[PDB]
Amino acid sequence: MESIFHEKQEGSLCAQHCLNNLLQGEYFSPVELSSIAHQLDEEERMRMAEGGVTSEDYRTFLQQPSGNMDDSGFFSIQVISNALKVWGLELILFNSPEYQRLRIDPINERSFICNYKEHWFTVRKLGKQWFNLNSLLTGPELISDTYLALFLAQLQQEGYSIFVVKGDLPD
């Protein structure tokens, strides 16, 4: 376990920490990601307020830009999804027909992302065991496949946002 990035910091949902941890290494800066999000939110705010006439408005609005609170409500799915898309990773909402369409298993998944009201969670697959981490966390959380399926299942059946990240990662 001398390969897992160990670190403890005070905060809530970090863009750089999520991307850096997801990629299993430093591959992005906090200032860069912060600026990107600010621009996306601002651009979406102006484009939304001024209205729009195109499918872009539908998809953009559906994505649910901006946030509501602070601490964790800083970044946006648009920024995260974008950073992943450019890498080859795509997010699939469990509640969406996409997740069920391909019928991608949880334990067979490569990257997972949980979203809780005013809180974010980053999950990644490591060999035969899963690894969880977040800006609010102080250390890596090891989870088994048999427990992962039920773990996430409890969230979806309860009232959480489970996102499936599939694609090609560097690590």
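Technique stated in the header: solution NMR.
The backbone N, Cα and C atoms fix where each Cβ goes, and this holds for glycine too.
Residues or ranges marked as active site, nucleophile in Swiss-Prot (evidence: experimental evidence): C14. The annotation active site, proton acceptor is assigned in Swiss-Prot to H119. Summarising the annotation, Swiss-Prot assigns active site to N134 and lists a curator's inference as the type of evidence. The ubiquitin cross-link annotation in Swiss-Prot covers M1.
Rounded to the nearest whole angstrom, the C-alpha distance between the residue listed as 'active site' and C14 (active site, nucleophile) is 7. Cβ neighbour count within 10 Å across all protein chains ranks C14 highest among the recorded positions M1, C14. Less than 8 angstroms from the CB of the residue listed as 'active site, proton acceptor' sit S12, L13, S72, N134, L136, each of them six or more residues away in the same chain. Rounded to a whole number, the C-alpha distance linking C14 (active site, nucleophile) with the residue listed as 'ubiquitin cross-link' is 23 angstrom.
Secondary structure at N134 (active site), taken from DSSP and collapsed to helix, strand or coil, is coil. For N134 (active site), the count of additional Cβ atoms within 10 Å of its Cβ stands at 22 [all protein chains shown].
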